[PDB]
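Please read the structure below before turning to the comments.
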Amino acid sequence: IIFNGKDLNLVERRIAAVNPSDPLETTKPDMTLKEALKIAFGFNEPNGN
Amino acid sequence: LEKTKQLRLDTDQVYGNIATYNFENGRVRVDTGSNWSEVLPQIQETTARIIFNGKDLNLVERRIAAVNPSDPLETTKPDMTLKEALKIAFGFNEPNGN
Amino acid sequence: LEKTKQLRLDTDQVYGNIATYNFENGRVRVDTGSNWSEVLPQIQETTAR
Amino acid sequence: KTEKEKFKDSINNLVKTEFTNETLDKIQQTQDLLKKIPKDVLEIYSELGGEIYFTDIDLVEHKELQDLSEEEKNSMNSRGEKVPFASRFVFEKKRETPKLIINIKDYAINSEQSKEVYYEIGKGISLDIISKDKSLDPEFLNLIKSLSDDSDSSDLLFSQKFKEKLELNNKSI
Amino acid sequence: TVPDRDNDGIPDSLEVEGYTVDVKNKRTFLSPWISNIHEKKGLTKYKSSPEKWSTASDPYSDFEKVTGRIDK
Amino acid sequence: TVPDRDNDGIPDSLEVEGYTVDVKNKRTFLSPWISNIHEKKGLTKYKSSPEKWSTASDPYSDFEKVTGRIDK
Amino acid sequence: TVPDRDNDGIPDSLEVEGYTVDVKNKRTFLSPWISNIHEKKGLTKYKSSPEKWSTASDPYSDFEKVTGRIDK
Ligand SMILES: [Ca+2]
Ligand SMILES: [Ca+2]
Ligand SMILES: [Ca+2]
Ligand SMILES: [Ca+2]
Ligand SMILES: [Ca+2]
Ligand SMILES: [Ca+2]
């Protein structure tokens, strides 16, 4: 995920997600886009958005 | 060289290492003692080779472990048909029977 | 050499290694501490050609 | 540390410290050959009157194998064929009582001569274990049927005549 | 203890007759082939050689190849 | 146990008197020469020396040369 | 056991008083020198030093020299 909403600078993070055709990666937990944005860059939801 | 402009580049061999799975911490580590020259001549002597250009008309080479009938260790491999080799090597299938 | 054009190439010896089987994982490993010149004079003295 | 005693075990059989007798080593080799079979087999043999002798006289000038019937002189050896009596080294004379005669040889380094002795021993105690009721035991008959069903077992164990007559009668038994 | 000649972490009976790999809860299970169960789940049926650590003679095990413990 | 002087994996009496290698299901087994079984299948009959690890003095033992566990 | 001071693999009484090496079926045997058996077979009678690992002070032991387990 590449994101530049802070000071218009490109900031790249990587989040461990499940490969569905390899038995070692189907053991990793299920990653959603909301939780990826929440744990990788610092998004939150103080009232529900 | 200035007259005929013919100068080409050959590739005689390639050195390179292998990276194997370390069972303790799961990390993949490059063993700088072993190289791929000790391995490929064992692949080339125990496998059948199929070259195929049904995808973008580009030659795609694979190798499939088949049985050599005059070697005791090699007659322990499972029997390989041409159809199952085409299925597991490239991605042929039989969606109706063909 | 420009007059007679005689230049040949003798082959005095050859250095090279041996690759042995490994029982634990089936691989074949070149031992760089043993060459064929320790081996081949023992073949030359016990065999018939 | 362990390499030095590894070397001492890799020459443990090579060096012989005290010898001093050529025809005495054959006696020890026959004795530790014959002690490899279990003692219950020897009790079974000695129960119906089994005698085991170690001679060095070869078995043509032997006095207790001097005159005997000619069909007993050519029995089946460990292969199934026949053998001249001038070249045998074991025999089980069983006329009034079973008597085993073993010539002394280097049985510790000769595993083919060491097998005819075991074949004649199993020939001696055979009819005790096969026929418990003056007829063949049915467990052994089921074994014979299940081995004749296979082919590697059939050409290992069975003789050729028994193999062809086992299908000539179609397992009639 | 089950026999395993080639020391590749998978027994010889499964290599000769057929096996498959199947994650169940979050843990990977290596299991023999059962036609009634593993067929409809879209699982592939593997066979290999019980006396080669690597059946294709490449430097990756049969166990690492079928499981995912390999160079990605 | 059974003696093995040269420590190659074949016992001494088999090296002196004859042996061969057969494959029964998918497992190879080093067995002595039986002229009823092994002669119908066209197997080879080997003899070698019981005290050299490699009878031809090359860097490959007799066990590797007969069982295929060798550089290919 | 038997005393062997020099650690070459041959006991001290044999090295002082004599020994010889014979091959019987296809196996070698190092035995003391009996003057009736080994004399008529043309065998050689050896003697060595029970304290020296190689009596000629070269890098090949007495056992390796008489047995043939040496650089050829
Ligand atoms: Ca395997
Ligand atoms: Ca296995
Ligand atoms: Ca051996
Ligand atoms: Ca040998
Ligand atoms: Ca000594
Ligand atoms: Ca000495």
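Ordering of the structure tokens sets the chain letters (A, B, ...); residue numbers start at 1 within each chain; ligands are numbered from 1 in the order shown.
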Hey, could you make a per-residue contact list for chain G against ligand 6 with 9 Å as the cut-off, showing the nearest pair of atoms and its distance in Å to one decimal, counting only C-alpha atoms and all ligand atoms, sorted by chain and number, as CSV?
```
residue,atom,partner,partner_atom_place_in_ligand_line,distance
G:4,CA,ligand 6,1 (Ca),8.8
G:5,CA,ligand 6,1 (Ca),8.3
G:6,CA,ligand 6,1 (Ca),5.9
G:7,CA,ligand 6,1 (Ca),7.8
G:8,CA,ligand 6,1 (Ca),6.2
G:9,CA,ligand 6,1 (Ca),8.4
G:10,CA,ligand 6,1 (Ca),7.3
G:11,CA,ligand 6,1 (Ca),8.6
G:12,CA,ligand 6,1 (Ca),7.9
G:15,CA,ligand 6,1 (Ca),6.7
G:47,CA,ligand 6,1 (Ca),8.7
G:48,CA,ligand 6,1 (Ca),5.4
G:49,CA,ligand 6,1 (Ca),4.4
G:50,CA,ligand 6,1 (Ca),4.6
G:51,CA,ligand 6,1 (Ca),5.9
G:52,CA,ligand 6,1 (Ca),4.6
G:53,CA,ligand 6,1 (Ca),4.5
G:54,CA,ligand 6,1 (Ca),5.3
G:55,CA,ligand 6,1 (Ca),5.9
G:61,CA,ligand 6,1 (Ca),7.0
G:62,CA,ligand 6,1 (Ca),5.6
G:63,CA,ligand 6,1 (Ca),7.8
```
File dump, residues just selected, N, CA, C and O atoms, as a PDB file, in the first residue's frame:
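The new file part-v4.pdb reads:
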```
ATOM      1  N   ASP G   4      49.865 -53.467  23.093  1.00  0.00           N
ATOM      2  CA  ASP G   4      50.270 -52.905  21.807  1.00  0.00           C
ATOM      3  C   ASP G   4      50.730 -51.476  22.085  1.00  0.00           C
ATOM      4  O   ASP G   4      49.920 -50.551  22.131  1.00  0.00           O
ATOM      5  N   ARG G   5      52.038 -51.312  22.268  1.00  0.00           N
ATOM      6  CA  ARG G   5      52.561 -50.045  22.763  1.00  0.00           C
ATOM      7  C   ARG G   5      52.544 -48.967  21.694  1.00  0.00           C
ATOM      8  O   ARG G   5      52.170 -47.826  21.969  1.00  0.00           O
ATOM      9  N   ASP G   6      52.940 -49.309  20.472  1.00  0.00           N
ATOM     10  CA  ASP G   6      53.183 -48.337  19.418  1.00  0.00           C
ATOM     11  C   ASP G   6      51.927 -47.883  18.705  1.00  0.00           C
ATOM     12  O   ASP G   6      52.022 -46.971  17.883  1.00  0.00           O
ATOM     13  N   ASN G   7      50.786 -48.523  18.973  1.00  0.00           N
ATOM     14  CA  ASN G   7      49.472 -48.180  18.417  1.00  0.00           C
ATOM     15  C   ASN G   7      49.412 -48.327  16.902  1.00  0.00           C
ATOM     16  O   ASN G   7      48.787 -47.523  16.218  1.00  0.00           O
ATOM     17  N   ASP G   8      50.044 -49.363  16.365  1.00  0.00           N
ATOM     18  CA  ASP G   8      49.930 -49.625  14.942  1.00  0.00           C
ATOM     19  C   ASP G   8      49.007 -50.783  14.627  1.00  0.00           C
ATOM     20  O   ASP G   8      48.720 -51.020  13.453  1.00  0.00           O
ATOM     21  N   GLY G   9      48.534 -51.501  15.629  1.00  0.00           N
ATOM     22  CA  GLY G   9      47.547 -52.522  15.415  1.00  0.00           C
ATOM     23  C   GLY G   9      48.070 -53.927  15.344  1.00  0.00           C
ATOM     24  O   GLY G   9      47.371 -54.801  14.831  1.00  0.00           O
ATOM     25  N   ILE G  10      49.259 -54.179  15.856  1.00  0.00           N
ATOM     26  CA  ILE G  10      49.839 -55.510  15.861  1.00  0.00           C
ATOM     27  C   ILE G  10      50.535 -55.741  17.196  1.00  0.00           C
ATOM     28  O   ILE G  10      51.359 -54.919  17.607  1.00  0.00           O
ATOM     29  N   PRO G  11      50.208 -56.811  17.915  1.00  0.00           N
ATOM     30  CA  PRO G  11      50.655 -56.944  19.301  1.00  0.00           C
ATOM     31  C   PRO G  11      52.146 -57.204  19.402  1.00  0.00           C
ATOM     32  O   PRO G  11      52.793 -57.648  18.457  1.00  0.00           O
ATOM     33  N   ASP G  12      52.677 -56.927  20.592  1.00  0.00           N
ATOM     34  CA  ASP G  12      54.117 -56.791  20.754  1.00  0.00           C
ATOM     35  C   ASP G  12      54.840 -58.119  20.678  1.00  0.00           C
ATOM     36  O   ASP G  12      55.988 -58.164  20.228  1.00  0.00           O
ATOM     37  N   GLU G  15      55.299 -58.841  16.955  1.00  0.00           N
ATOM     38  CA  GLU G  15      56.322 -58.002  16.347  1.00  0.00           C
ATOM     39  C   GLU G  15      57.720 -58.386  16.786  1.00  0.00           C
ATOM     40  O   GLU G  15      58.663 -58.271  16.003  1.00  0.00           O
ATOM     41  N   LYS G  47      59.567 -59.172  11.124  1.00  0.00           N
ATOM     42  CA  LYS G  47      59.827 -58.718  12.476  1.00  0.00           C
ATOM     43  C   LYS G  47      59.824 -57.206  12.458  1.00  0.00           C
ATOM     44  O   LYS G  47      60.089 -56.592  11.429  1.00  0.00           O
ATOM     45  N   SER G  48      59.495 -56.604  13.591  1.00  0.00           N
ATOM     46  CA  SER G  48      59.390 -55.160  13.664  1.00  0.00           C
ATOM     47  C   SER G  48      59.773 -54.713  15.061  1.00  0.00           C
ATOM     48  O   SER G  48      60.307 -55.486  15.858  1.00  0.00           O
ATOM     49  N   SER G  49      59.491 -53.457  15.359  1.00  0.00           N
ATOM     50  CA  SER G  49      59.792 -52.864  16.641  1.00  0.00           C
ATOM     51  C   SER G  49      58.505 -52.653  17.402  1.00  0.00           C
ATOM     52  O   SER G  49      57.609 -51.987  16.876  1.00  0.00           O
ATOM     53  N   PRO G  50      58.351 -53.174  18.618  1.00  0.00           N
ATOM     54  CA  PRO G  50      57.105 -52.959  19.351  1.00  0.00           C
ATOM     55  C   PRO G  50      56.933 -51.559  19.871  1.00  0.00           C
ATOM     56  O   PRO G  50      55.832 -51.222  20.302  1.00  0.00           O
ATOM     57  N   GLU G  51      57.968 -50.729  19.834  1.00  0.00           N
ATOM     58  CA  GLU G  51      57.907 -49.366  20.333  1.00  0.00           C
ATOM     59  C   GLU G  51      57.733 -48.333  19.244  1.00  0.00           C
ATOM     60  O   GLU G  51      57.250 -47.239  19.522  1.00  0.00           O
ATOM     61  N   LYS G  52      58.134 -48.641  18.021  1.00  0.00           N
ATOM     62  CA  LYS G  52      58.034 -47.722  16.902  1.00  0.00           C
ATOM     63  C   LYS G  52      56.768 -47.987  16.104  1.00  0.00           C
ATOM     64  O   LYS G  52      56.395 -49.138  15.871  1.00  0.00           O
ATOM     65  N   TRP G  53      56.096 -46.910  15.710  1.00  0.00           N
ATOM     66  CA  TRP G  53      54.913 -47.035  14.875  1.00  0.00           C
ATOM     67  C   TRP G  53      55.278 -47.437  13.465  1.00  0.00           C
ATOM     68  O   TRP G  53      54.477 -48.065  12.776  1.00  0.00           O
ATOM     69  N   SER G  54      56.468 -47.065  13.017  1.00  0.00           N
ATOM     70  CA  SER G  54      57.023 -47.540  11.762  1.00  0.00           C
ATOM     71  C   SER G  54      58.512 -47.692  11.964  1.00  0.00           C
ATOM     72  O   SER G  54      59.198 -46.696  12.184  1.00  0.00           O
ATOM     73  N   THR G  55      59.003 -48.923  11.852  1.00  0.00           N
ATOM     74  CA  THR G  55      60.371 -49.248  12.223  1.00  0.00           C
ATOM     75  C   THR G  55      61.388 -48.548  11.337  1.00  0.00           C
ATOM     76  O   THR G  55      62.508 -48.274  11.774  1.00  0.00           O
ATOM     77  N   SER G  61      52.879 -47.314   8.531  1.00  0.00           N
ATOM     78  CA  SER G  61      53.073 -48.197   9.666  1.00  0.00           C
ATOM     79  C   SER G  61      53.456 -49.589   9.209  1.00  0.00           C
ATOM     80  O   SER G  61      53.431 -49.909   8.025  1.00  0.00           O
ATOM     81  N   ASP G  62      53.836 -50.420  10.174  1.00  0.00           N
ATOM     82  CA  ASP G  62      54.178 -51.799   9.866  1.00  0.00           C
ATOM     83  C   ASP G  62      52.959 -52.575   9.404  1.00  0.00           C
ATOM     84  O   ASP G  62      53.052 -53.410   8.498  1.00  0.00           O
ATOM     85  N   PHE G  63      51.804 -52.289  10.000  1.00  0.00           N
ATOM     86  CA  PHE G  63      50.563 -52.945   9.621  1.00  0.00           C
ATOM     87  C   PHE G  63      50.154 -52.573   8.207  1.00  0.00           C
ATOM     88  O   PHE G  63      49.798 -53.447   7.406  1.00  0.00           O
TER      89      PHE G  63
END
```
### Query
Excluding same-chain residues fewer than 4 positions from region 24-41 of chain C, what lies within 10 Å of it counting only C-alpha atoms, as a PyMOL selection string?
(chain B and resi 33-35+37-39+42) or (chain C and resi 13-20+45-46) or (chain E and resi 5-8+51-55+57-61) or (chain F and resi 57-59+69-72) or (chain G and resi 71-72)
### Query
Can you tell me, as a PyMOL selection string, what residues are no more than 9 Å from residue 27 (chain A) when counting only C-alpha atoms, ignoring any on the same chain fewer than 4 positions away?
(chain A and resi 18+23) or (chain E and resi 23+25-28)
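CA of residue 97 (chain D) is positioned 7.6 Å from CA of residue 48 (chain D).
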### Message
Give me the residues near residue 29 (chain B) as number ranges by chain, where near means some atom within 7 Å (using only C-alpha atoms) and where sequence neighbours in that chain fewer than 5 positions away do not count.
### Response
B: 19-22
Next, the residues of the selection above should be written as a PDB file, in the first residue's frame with N, CA and C atoms.
```
ATOM      1  N   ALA B  19      19.722 -21.199  -2.106  1.00  0.00           N
ATOM      2  CA  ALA B  19      19.208 -20.747  -0.822  1.00  0.00           C
ATOM      3  C   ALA B  19      18.188 -21.743  -0.311  1.00  0.00           C
ATOM      4  N   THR B  20      18.428 -22.276   0.879  1.00  0.00           N
ATOM      5  CA  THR B  20      17.625 -23.347   1.434  1.00  0.00           C
ATOM      6  C   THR B  20      16.954 -22.913   2.724  1.00  0.00           C
ATOM      7  N   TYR B  21      15.892 -23.625   3.060  1.00  0.00           N
ATOM      8  CA  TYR B  21      15.073 -23.318   4.218  1.00  0.00           C
ATOM      9  C   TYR B  21      15.732 -23.830   5.489  1.00  0.00           C
ATOM     10  N   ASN B  22      15.951 -22.936   6.444  1.00  0.00           N
ATOM     11  CA  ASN B  22      16.475 -23.305   7.751  1.00  0.00           C
ATOM     12  C   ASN B  22      15.303 -23.626   8.661  1.00  0.00           C
TER      13      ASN B  22
END
```
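Closest approach to ligand 5 among G:1, G:44, G:66, G:14: G:14, based on only C-alpha atoms and all ligand atoms.
CA of residue 20 (chain E) is positioned 12.7 Å from CA of residue 22 (chain A).
For the pair CA of residue 91 (chain D) and CA of residue 132 (chain D), the interatomic distance is 24.5 Å.
Running DSSP on the backbone and keeping only helix (DSSP H, G or I), the residues of chain F that qualify are residues 12, 13, 14, 15, 16, 17, 37, 38, 39, 40, 62, 63, 64, 65, 66 and 67 of chain F.
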### Message
Within 8 Å of chain D, which residues belong to chain F? Use only C-alpha atoms and report them as a PyMOL selection string.
### Response
chain F and resi 5+13+36-37
Export, as a compact mmCIF listing (two decimals), in the first residue's frame, the selected residues with N, CA and C atoms.
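Result saved to result_16.txt:
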```txt
# COMPACT_ATOMS: atom_id res chain seq x y z
N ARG F 5 33.70 -55.74 6.84
CA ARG F 5 35.05 -55.28 7.14
C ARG F 5 35.31 -53.89 6.58
N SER F 13 30.08 -62.01 3.03
CA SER F 13 29.76 -63.23 2.29
C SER F 13 29.00 -62.92 1.02
N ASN F 36 16.93 -68.68 -9.19
CA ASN F 36 15.57 -68.90 -9.64
C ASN F 36 14.80 -67.60 -9.76
N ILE F 37 14.87 -66.77 -8.73
CA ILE F 37 14.20 -65.48 -8.75
C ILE F 37 14.90 -64.53 -9.71
```
### Task
Excluding residue 75 (chain D) and any residue of its chain fewer than 5 positions from it, enumerate the residues within 12 Å of it, using only C-alpha atoms, and give them as JSON, numbers by chain.
{"D": [69, 70, 80, 81, 82, 83, 84, 85, 88, 90, 91, 92, 93, 120, 123]}
